[PDB]
């Protein structure tokens, strides 16, 4: 089983740690975050406004973070080249600071002894993967990879099923997306474009989504045929993809539901979900799926033009996919 270091103990860093504990699929052995000391990590891991108090034990002892009795080595390095991953036994590093998303920057972790780096965001040049969609294109020569974004992990499984069965001629999508840590509590200086500095709990905010440029990398057959944007809205977690697409082969809405349900029970089980219930965003809080198709909420204008809806816990579904990708990579070693 692969031993993991986490760089950036944030929303994703902490929920990747929870997912690793919940799934047992990888082992966290080290965490680096210069803004959160050991005692502070006890607090921030234990209490979570969105996902609730951790169901387990967490304490600081002998300089280590001890979760369910397992000690974790804690680093406090602002410069990732200074992190002694090898000494702590960290083989794979989750790069979840938000600020080292290029090959050049994320590769810093290789200097301290990490064997592979998984960027928890889209990358300008690291190869990007979505479990269930193109993870089989990974190979042992890729020491630096990206798990794309949470919107990309919601859109791409749904797009793949629809394209495989009916053929997407062209499509546009929107994600109605929960607020995130890059946004501001009140109108202030942005960090990525003017609209994104505006007060997050007051506003619907048009914004970019990583899926716009990533989906065509993860599904080359849809490059130039699909893109989209986001509206950030005042919820703390859970987002929803709104995919409007023209199909090559005619598809009754019942056939769409049928093939999506079949996919959710077979090859994409645990990745793509399917529901007909009268769900709202909070019903997906702490749901580990990448994408849950909402059959009741979609619209078929005609046999070749449809709107398809799919929910995703942008924090916890993505965090579980990070764990899944590392487990997959390790099985390939």
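Positions refer to the first chain, counted from 1.
TODO: Read off the CA B-factors in the entry, average them over 101-109 and over 143-151, and name the higher stretch.
DONE: Result: 101-109.
Task: Stretch with the higher entry mean CA B-factor, where the candidates are 165-173 and 185-193 - done: Comparing averages over the C-alpha atoms only gives 185-193.
- [ ] Determine which member of 51, 289, 307, 64 has the highest CA B-factor, using the values in the deposited entry.
- [x] That would be 64.
Open item on the list: Can you tell me which of 96, 227, 239, 81 has the maximum CA B-factor listed in the PDB entry?
Closed with: Of 96, 227, 239, 81, 81 has the highest C-alpha B-factor.
Open item on the list: Is residue 264 in the lowest, middle or highest third of its chain when residues are ranked by C-alpha B-factor?
Closed with: It falls in the middle third of the chain.
- [ ] Name the third of the chain's ranked CA B-factors that contains residue 270, choosing lowest, middle or highest.
- [x] Middle third by C-alpha B-factor.
Open item on the list: Is residue 250 in the lowest, middle or highest third of its chain when residues are ranked by C-alpha B-factor?
Closed with: According to the entry, residue 250 has a C-alpha B-factor in the chain's highest third.
Task: Record-listed C-alpha B factor of residue 33: chain third - done: It falls in the middle third of the chain.
TODO: Place residue 232 in the lowest, middle or highest third of its chain's C-alpha B-factors, as listed in the PDB entry.
DONE: Within its chain, residue 232 is a lowest-third residue by C-alpha B-factor, going by the deposited values.
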